[PDB]
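Peer 1: Got a structure here, written out as structure tokens. Questions coming.
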Amino acid sequence: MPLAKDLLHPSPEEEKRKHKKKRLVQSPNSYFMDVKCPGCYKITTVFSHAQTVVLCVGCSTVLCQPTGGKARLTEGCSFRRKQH
Amino acid sequence: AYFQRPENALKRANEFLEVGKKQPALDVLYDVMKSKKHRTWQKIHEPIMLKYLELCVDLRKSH
Amino acid sequence: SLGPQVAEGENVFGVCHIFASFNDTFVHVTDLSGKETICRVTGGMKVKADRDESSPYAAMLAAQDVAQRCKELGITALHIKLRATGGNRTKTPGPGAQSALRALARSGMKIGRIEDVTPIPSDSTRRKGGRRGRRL
Amino acid sequence: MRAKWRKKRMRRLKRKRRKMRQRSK
Amino acid sequence: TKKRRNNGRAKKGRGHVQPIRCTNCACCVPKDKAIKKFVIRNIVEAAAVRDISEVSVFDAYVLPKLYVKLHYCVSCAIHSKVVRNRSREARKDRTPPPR
Amino acid sequence: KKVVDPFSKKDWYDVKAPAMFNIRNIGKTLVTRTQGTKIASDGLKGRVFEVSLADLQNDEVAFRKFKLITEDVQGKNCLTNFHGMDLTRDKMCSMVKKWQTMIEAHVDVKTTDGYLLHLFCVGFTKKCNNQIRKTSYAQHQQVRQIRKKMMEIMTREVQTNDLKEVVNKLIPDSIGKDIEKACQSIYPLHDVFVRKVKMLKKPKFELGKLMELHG
Amino acid sequence: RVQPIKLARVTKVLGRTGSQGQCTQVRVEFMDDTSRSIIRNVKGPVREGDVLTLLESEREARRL
Amino acid sequence: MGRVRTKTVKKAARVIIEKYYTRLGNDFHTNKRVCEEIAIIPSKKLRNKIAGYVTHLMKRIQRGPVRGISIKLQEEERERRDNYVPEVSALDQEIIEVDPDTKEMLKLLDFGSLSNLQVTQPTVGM
RNA sequence: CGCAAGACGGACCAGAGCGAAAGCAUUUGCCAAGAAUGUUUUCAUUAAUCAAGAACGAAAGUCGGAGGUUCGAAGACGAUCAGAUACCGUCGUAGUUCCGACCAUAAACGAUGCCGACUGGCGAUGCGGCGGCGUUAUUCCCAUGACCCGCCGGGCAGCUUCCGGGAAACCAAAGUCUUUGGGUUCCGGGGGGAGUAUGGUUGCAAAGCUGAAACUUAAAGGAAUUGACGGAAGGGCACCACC
């Protein structure tokens, strides 16, 4: 920090670097995504930090496994974020 | 040390072959053909290479 | 005397145990199993005052006395085992250790392999001298 | 260690004074 | 007044550390206050090696090393000249002596 | 005893190794010749010899030591059999150094023959060739996973073999090389050895099996 | 029991030793096998290329 | 013993050489006569010591520079390493290669078009 | 060469980890507990600091059982010396180890209460998460382990600077103080007599906790400077020193 940097207009690379609670206004790092699998093809919605072992509407035994951070998908056809 | 004389490479490879393991009978003979200590030609390099190429043929290890 | 009846072109081996500390040194030669003794000589047999028993000179004189008795009984080569006191104590060899080894070489015995044999605990009973140590 | 010894000297004097007075009555 | 920032010991983030008994006098001191020295040497001296190589039975043999680890208290390390006292600014240097 | 020249009463005997080793003559040894109620063979039996592998095999390896026992005496020959193996003091002192993890394991096992053996194994972590960090420590669960793999491989090789095939594995030490291959998926290892073997119990004397190891 | 006299030639002077500086410390090379060498302590004045008489050859001494 | 020369000898010898370099040489017996006519020296024994160190300094000045002494003959060849050397008739030419991130830095500065290019290693050298 | 018993866990072992502190290191299994991190889960002010009261608390010590390898208060002797009831040596009781009750102290120390906010720079290190070009291992990819380059939490520490402070030594807190007020607990008032006398109280005992006055005195004490001195260290010198 120099003597004169203005605090009202952080650049997006200054804001994306810092902790979620310490930004100028708060925002989560997590997201919603839509997920699809082989053998049965009814698309479903998942949260990227899931704690549940998700079962799809296609009745496959595991869609994803839980983990200490992001959940990992069982080689499913999509990891696509929803926009909003 | 690693080998004190290059003759004792064959006297090692013959022991892995007596135990019935061919992979560790190579690697011994590979480094002894590929170490600067034994680069001067000697009568024992023929028996070394004649055992080495038999194992490369039998394991089909062309490289 | 009588060694083995073979006496040309090949060696007859013994084992020499050298125990060298402060206070004294032992030179002791045995059969290859260790069970039969051939001869044993010590620093305190060579000098006539207690200060000198651990000395380089007494250890040289003990080694020369042993090597003559080996050749007289037909042994020609030695394996060597070296000790310091060990256990709770210092486990560095005493000052007479180096002199005995060269003196049996210079007096004509052939030399085989050599080993360090001092006893080491994985952990031990309480050492002598109290919490404040020996103070001087 | 003079202070630790002055502490020991007082404890043995107090043990004497204890036994002397509590004998009287 | 305080002489050293570390109190003359390695202990930070701990209550108790086990003692050891010294190799000279058997005084009792903490494992992290004790002054360390690990010595590696030949069994045969640099003068004696030639006399013992020529009487050897083998065409090739290499004489073995002796390994010993030593522990001292402050009084033995100073009296046996393992460590010296230093100038007030020189006490801060943590790098070992040159070779 | 204060005998005048007791070395006048001693007979030299030869000592012979098992038929696996490429050089079969150990050396020569003393005993007092027979007297009433004290026979020479009773003094020769049960003696232990400790020999470098380079003197059984005429290489330079030098750092493995094998222990042999006398069992019977035939003419002027003492006949020997296997009793254990060990590493020389200066080898083990050269491996244990700072900034590494040291891993050890042990097992009790029987051969297809009646012998009961106890084995000890050691391994050390490897500094990777790009590493700029100073220390190569494994975490406690990686150490536990490696120790189970040391015991798993070390028991597999003894249960389905006789003492003849066990000693043929210990001469080159193929046991330690197989452990070193298997663990590289958990944490890389750089020195790996079966460092000691002890014998706990053994079957009846069986002269026919003794001579099968000598003919 | 007995051992013979040996002669040896001074090849270098190394310094002075003893409580009062009384003894010179010196390197010597033997008159029989010229490949051999040892170090010794000498009582008098000594110069390079002097020949000493040794009553024992097998003893060797460092800094008294 | 001790033959070290004091500052009265060493300073007088330097001042003589700065003023009279063209008179002096390697012969002590001629230097001893020159130093007697260019200077007032109170003692014969001091005159001999000054001419001695002057004779030592002349034999050094014939090999290279002495940091406390200066002469025209040595300054004008310093002035010939000063100015321009005989080494080259033109500069080291500007035709030099560029790394991809310097190419991008020059692109944002509206420049380039005269340099060859190649990439570095896959990961940071260890 | 072989047998038996009791104590202890070397090297790896580090300004490294865990615990409220005291403390905690051979293997494997069983029981209950916990910090940090991840989270677009849930309750909705439930919190901070604490008279009375309560749990834990090194070593030594006391009472009742079992064991006894090593070491060793008291004690018996050998040396040293003017003496040596000591330092040094040989032997050895209680104790040192386990089980069940007591005891409540320590240079129990970071000689530095706890909670919250703000004020410079730099390289490392242990744990969890996030991103990335290569090398290496297992199966043929993918996933995942060992290494390498960055980022974010919260942790034990280090170097540096005219932040600022202080009597200074020194301290990124021991700073944001005559430009003096974020909350709250314990507690000091010149040196001695004295942690003593006396009363109460807890304890089997040893002892712990609480705790005066008469009288006496001009200094006692902290940090730093220049000398002199050392049965402290490193260089150099002298026939009023020595060989």
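How things are named: the first chain in the structure tokens is A, the next is B, and so on; residues count from 1 in each chain; ligands count from 1 in the order shown.
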Could you list, as a PyMOL selection string, every residue of chain I that has an atom within 8 Å of an atom of chain A, counting only C-alpha atoms (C1' of nucleotides)?
Peer 2: chain I and resi 38-40+129+151-153
Peer 1: Only N, CA and C atoms (P, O5', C5', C4', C3', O3' and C1' of nucleotides), please: the residues just picked out, written as a PDB file, in the first residue's frame.
Peer 2:
ATOM      1  P     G I  38     -11.640 -21.815   5.368  1.00  0.00           P
ATOM      2  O5'   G I  38     -12.525 -23.011   4.771  1.00  0.00           O
ATOM      3  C5'   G I  38     -12.205 -23.698   3.573  1.00  0.00           C
ATOM      4  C4'   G I  38     -13.282 -24.752   3.270  1.00  0.00           C
ATOM      5  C3'   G I  38     -14.691 -24.171   3.198  1.00  0.00           C
ATOM      6  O3'   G I  38     -14.956 -23.490   1.988  1.00  0.00           O
ATOM      7  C1'   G I  38     -14.683 -26.223   4.391  1.00  0.00           C
ATOM      8  P     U I  39     -15.897 -22.194   1.959  1.00  0.00           P
ATOM      9  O5'   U I  39     -17.340 -22.733   2.396  1.00  0.00           O
ATOM     10  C5'   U I  39     -18.205 -23.403   1.507  1.00  0.00           C
ATOM     11  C4'   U I  39     -19.466 -23.880   2.238  1.00  0.00           C
ATOM     12  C3'   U I  39     -20.280 -22.792   2.933  1.00  0.00           C
ATOM     13  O3'   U I  39     -21.141 -22.044   2.101  1.00  0.00           O
ATOM     14  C1'   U I  39     -20.053 -24.691   4.342  1.00  0.00           C
ATOM     15  P     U I  40     -20.747 -20.597   1.547  1.00  0.00           P
ATOM     16  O5'   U I  40     -22.212 -20.031   1.262  1.00  0.00           O
ATOM     17  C5'   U I  40     -23.044 -19.613   2.322  1.00  0.00           C
ATOM     18  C4'   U I  40     -24.527 -19.791   1.983  1.00  0.00           C
ATOM     19  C3'   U I  40     -24.885 -21.262   1.734  1.00  0.00           C
ATOM     20  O3'   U I  40     -25.939 -21.689   2.578  1.00  0.00           O
ATOM     21  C1'   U I  40     -25.609 -19.832  -0.057  1.00  0.00           C
ATOM     22  P     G I 129      -7.837 -30.621   2.811  1.00  0.00           P
ATOM     23  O5'   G I 129      -8.300 -29.227   2.168  1.00  0.00           O
ATOM     24  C5'   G I 129      -9.651 -28.819   2.183  1.00  0.00           C
ATOM     25  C4'   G I 129      -9.794 -27.344   1.801  1.00  0.00           C
ATOM     26  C3'   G I 129      -9.475 -27.040   0.341  1.00  0.00           C
ATOM     27  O3'   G I 129     -10.531 -27.350  -0.546  1.00  0.00           O
ATOM     28  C1'   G I 129      -8.483 -25.418   1.732  1.00  0.00           C
ATOM     29  P     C I 151       2.120 -15.324  -3.045  1.00  0.00           P
ATOM     30  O5'   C I 151       0.553 -15.623  -2.900  1.00  0.00           O
ATOM     31  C5'   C I 151      -0.406 -14.892  -3.640  1.00  0.00           C
ATOM     32  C4'   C I 151      -1.826 -15.437  -3.426  1.00  0.00           C
ATOM     33  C3'   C I 151      -2.278 -15.433  -1.964  1.00  0.00           C
ATOM     34  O3'   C I 151      -2.700 -14.152  -1.523  1.00  0.00           O
ATOM     35  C1'   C I 151      -2.905 -17.462  -3.055  1.00  0.00           C
ATOM     36  P     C I 152      -2.627 -13.725   0.018  1.00  0.00           P
ATOM     37  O5'   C I 152      -3.830 -14.529   0.695  1.00  0.00           O
ATOM     38  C5'   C I 152      -5.184 -14.217   0.440  1.00  0.00           C
ATOM     39  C4'   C I 152      -6.109 -15.214   1.151  1.00  0.00           C
ATOM     40  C3'   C I 152      -5.835 -15.286   2.645  1.00  0.00           C
ATOM     41  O3'   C I 152      -6.383 -14.159   3.318  1.00  0.00           O
ATOM     42  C1'   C I 152      -6.231 -17.471   1.705  1.00  0.00           C
ATOM     43  P     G I 153      -6.066 -13.884   4.860  1.00  0.00           P
ATOM     44  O5'   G I 153      -7.051 -14.937   5.548  1.00  0.00           O
ATOM     45  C5'   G I 153      -6.936 -15.201   6.925  1.00  0.00           C
ATOM     46  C4'   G I 153      -7.756 -16.418   7.335  1.00  0.00           C
ATOM     47  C3'   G I 153      -7.294 -16.938   8.699  1.00  0.00           C
ATOM     48  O3'   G I 153      -7.918 -16.247   9.776  1.00  0.00           O
ATOM     49  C1'   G I 153      -7.365 -18.696   7.081  1.00  0.00           C
TER      50        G I 153
END
Peer 1: I'd like the contact shell of residue 26 (chain F) - 12 Å cut-off, only C-alpha atoms (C1' of nucleotides), skipping same-chain residues fewer than 6 positions apart - returned as a ChimeraX atom specification.
Peer 2: /C:11-14,32-33 /F:13-18,48-53,55-57,66-70,77-80
Peer 1: Contacts of residue 59 (chain E) at 12 Å or less, counting only C-alpha atoms (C1' of nucleotides), minus same-chain residues fewer than 2 places along, as a list in words?
Peer 2: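 In the requested format, the answer is residues 4 and 5 of chain B; 111 and 112 of chain C; 53, 54, 55, 56, 57, 61 and 62 of chain E; 59 and 60 of chain F.
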Peer 1: May I have the selected residues written with N, CA, C and O atoms, as an mmCIF file, in the first residue's frame?
Peer 2:
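Okay, this is what ended up in result-v2.cif:
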data_model
loop_
_atom_site.group_PDB
_atom_site.id
_atom_site.type_symbol
_atom_site.label_atom_id
_atom_site.label_comp_id
_atom_site.auth_asym_id
_atom_site.auth_seq_id
_atom_site.Cartn_x
_atom_site.Cartn_y
_atom_site.Cartn_z
ATOM 1 N N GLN B 4 33.287 -53.387 -7.136
ATOM 2 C CA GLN B 4 34.741 -53.146 -6.996
ATOM 3 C C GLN B 4 35.551 -53.595 -8.225
ATOM 4 O O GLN B 4 36.591 -53.015 -8.535
ATOM 5 N N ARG B 5 35.052 -54.592 -8.960
ATOM 6 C CA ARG B 5 35.545 -55.028 -10.277
ATOM 7 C C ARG B 5 34.368 -55.521 -11.136
ATOM 8 O O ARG B 5 33.445 -56.123 -10.586
ATOM 9 N N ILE C 111 46.693 -59.386 8.019
ATOM 10 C CA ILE C 111 45.486 -58.731 8.548
ATOM 11 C C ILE C 111 44.261 -59.053 7.687
ATOM 12 O O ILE C 111 44.249 -58.790 6.487
ATOM 13 N N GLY C 112 43.227 -59.619 8.301
ATOM 14 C CA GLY C 112 41.898 -59.797 7.718
ATOM 15 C C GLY C 112 41.014 -58.564 7.928
ATOM 16 O O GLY C 112 41.506 -57.444 8.010
ATOM 17 N N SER E 53 47.610 -51.474 5.340
ATOM 18 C CA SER E 53 47.217 -51.844 3.969
ATOM 19 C C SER E 53 48.134 -52.896 3.338
ATOM 20 O O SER E 53 47.653 -53.778 2.630
ATOM 21 N N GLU E 54 49.446 -52.846 3.583
ATOM 22 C CA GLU E 54 50.410 -53.778 2.973
ATOM 23 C C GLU E 54 50.411 -55.187 3.586
ATOM 24 O O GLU E 54 50.671 -56.162 2.882
ATOM 25 N N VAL E 55 50.089 -55.332 4.876
ATOM 26 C CA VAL E 55 49.931 -56.650 5.527
ATOM 27 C C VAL E 55 48.546 -57.271 5.326
ATOM 28 O O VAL E 55 48.296 -58.374 5.812
ATOM 29 N N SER E 56 47.629 -56.585 4.649
ATOM 30 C CA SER E 56 46.273 -57.090 4.446
ATOM 31 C C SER E 56 46.238 -58.325 3.542
ATOM 32 O O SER E 56 47.005 -58.431 2.584
ATOM 33 N N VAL E 57 45.350 -59.274 3.830
ATOM 34 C CA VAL E 57 45.164 -60.495 3.026
ATOM 35 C C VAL E 57 44.454 -60.216 1.692
ATOM 36 O O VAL E 57 44.673 -60.931 0.717
ATOM 37 N N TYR E 61 40.470 -53.839 -0.019
ATOM 38 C CA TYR E 61 39.683 -53.616 1.196
ATOM 39 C C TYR E 61 39.775 -52.141 1.612
ATOM 40 O O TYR E 61 40.818 -51.503 1.443
ATOM 41 N N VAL E 62 38.689 -51.595 2.157
ATOM 42 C CA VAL E 62 38.574 -50.201 2.611
ATOM 43 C C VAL E 62 38.319 -50.166 4.118
ATOM 44 O O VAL E 62 37.367 -50.765 4.606
ATOM 45 N N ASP F 59 32.561 -62.517 -3.611
ATOM 46 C CA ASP F 59 32.322 -61.118 -4.001
ATOM 47 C C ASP F 59 33.012 -60.136 -3.018
ATOM 48 O O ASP F 59 33.884 -60.508 -2.240
ATOM 49 N N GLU F 60 32.600 -58.869 -3.035
ATOM 50 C CA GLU F 60 33.020 -57.785 -2.146
ATOM 51 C C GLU F 60 31.917 -57.272 -1.199
ATOM 52 O O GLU F 60 32.158 -56.312 -0.466
#
Peer 1: Do a neighbour search on residue 119 (chain H) at 10 Å with only C-alpha atoms (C1' of nucleotides), toss out local chain neighbours closer than 4 positions, and write the hits as a ChimeraX atom specification.
Peer 2: /H:98-101
Peer 1: If we count only C-alpha atoms (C1' of nucleotides) and set the cut-off at 12 Å, which residues sit around residue 101 (chain C), ignoring sequence neighbours fewer than 4 positions away in its own chain? Please answer as an MDAnalysis selection string.
Peer 2: (chainID C and resid 16:20 25:27 56 59:64 66:67 78:82 95:97 105:112 114) or (chainID E and resid 43:45 48:49 51:52 55)
Peer 1: Once you have the residues from the selection above, write them out as a PDB file, in the first residue's frame, restricted to C-alpha atoms.
Peer 2:
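The resulting file, again-v7.pdb, is reproduced below:
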ATOM      1  CA  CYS C  16      42.034 -61.086  18.020  1.00  0.00           C
ATOM      2  CA  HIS C  17      39.905 -59.300  20.663  1.00  0.00           C
ATOM      3  CA  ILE C  18      41.361 -55.874  21.638  1.00  0.00           C
ATOM      4  CA  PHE C  19      39.686 -54.202  24.650  1.00  0.00           C
ATOM      5  CA  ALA C  20      41.206 -50.740  25.091  1.00  0.00           C
ATOM      6  CA  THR C  25      44.298 -52.577  27.616  1.00  0.00           C
ATOM      7  CA  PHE C  26      43.822 -56.321  26.756  1.00  0.00           C
ATOM      8  CA  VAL C  27      45.160 -58.213  23.691  1.00  0.00           C
ATOM      9  CA  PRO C  56      50.694 -46.564  23.816  1.00  0.00           C
ATOM     10  CA  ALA C  59      50.068 -51.811  24.365  1.00  0.00           C
ATOM     11  CA  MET C  60      52.857 -52.145  21.716  1.00  0.00           C
ATOM     12  CA  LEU C  61      54.863 -54.469  24.042  1.00  0.00           C
ATOM     13  CA  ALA C  62      51.754 -56.637  24.762  1.00  0.00           C
ATOM     14  CA  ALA C  63      50.982 -56.994  20.999  1.00  0.00           C
ATOM     15  CA  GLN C  64      54.597 -58.092  20.185  1.00  0.00           C
ATOM     16  CA  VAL C  66      51.122 -62.160  21.525  1.00  0.00           C
ATOM     17  CA  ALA C  67      52.232 -62.246  17.831  1.00  0.00           C
ATOM     18  CA  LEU C  78      44.044 -62.348  12.225  1.00  0.00           C
ATOM     19  CA  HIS C  79      40.492 -60.992  12.135  1.00  0.00           C
ATOM     20  CA  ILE C  80      40.232 -57.991  14.584  1.00  0.00           C
ATOM     21  CA  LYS C  81      37.412 -57.070  17.051  1.00  0.00           C
ATOM     22  CA  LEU C  82      37.847 -53.707  18.894  1.00  0.00           C
ATOM     23  CA  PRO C  95      44.743 -44.327  24.085  1.00  0.00           C
ATOM     24  CA  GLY C  96      46.494 -47.756  23.750  1.00  0.00           C
ATOM     25  CA  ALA C  97      44.046 -48.952  20.994  1.00  0.00           C
ATOM     26  CA  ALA C 105      51.052 -55.822  11.781  1.00  0.00           C
ATOM     27  CA  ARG C 106      54.759 -54.686  11.973  1.00  0.00           C
ATOM     28  CA  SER C 107      55.736 -58.003  13.704  1.00  0.00           C
ATOM     29  CA  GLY C 108      54.524 -60.049  10.691  1.00  0.00           C
ATOM     30  CA  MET C 109      50.871 -61.221  11.160  1.00  0.00           C
ATOM     31  CA  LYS C 110      48.639 -60.879   8.047  1.00  0.00           C
ATOM     32  CA  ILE C 111      45.486 -58.731   8.548  1.00  0.00           C
ATOM     33  CA  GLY C 112      41.898 -59.797   7.718  1.00  0.00           C
ATOM     34  CA  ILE C 114      38.325 -55.347  11.372  1.00  0.00           C
TER      35      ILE C 114
ATOM     36  CA  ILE E  43      39.585 -46.767  12.904  1.00  0.00           C
ATOM     37  CA  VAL E  44      43.245 -46.489  11.623  1.00  0.00           C
ATOM     38  CA  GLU E  45      45.206 -43.157  11.745  1.00  0.00           C
ATOM     39  CA  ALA E  48      49.334 -45.972  10.351  1.00  0.00           C
ATOM     40  CA  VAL E  49      47.200 -46.693   7.209  1.00  0.00           C
ATOM     41  CA  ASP E  51      51.562 -50.219   7.395  1.00  0.00           C
ATOM     42  CA  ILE E  52      48.106 -51.926   7.736  1.00  0.00           C
ATOM     43  CA  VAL E  55      49.931 -56.650   5.527  1.00  0.00           C
TER      44      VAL E  55
END
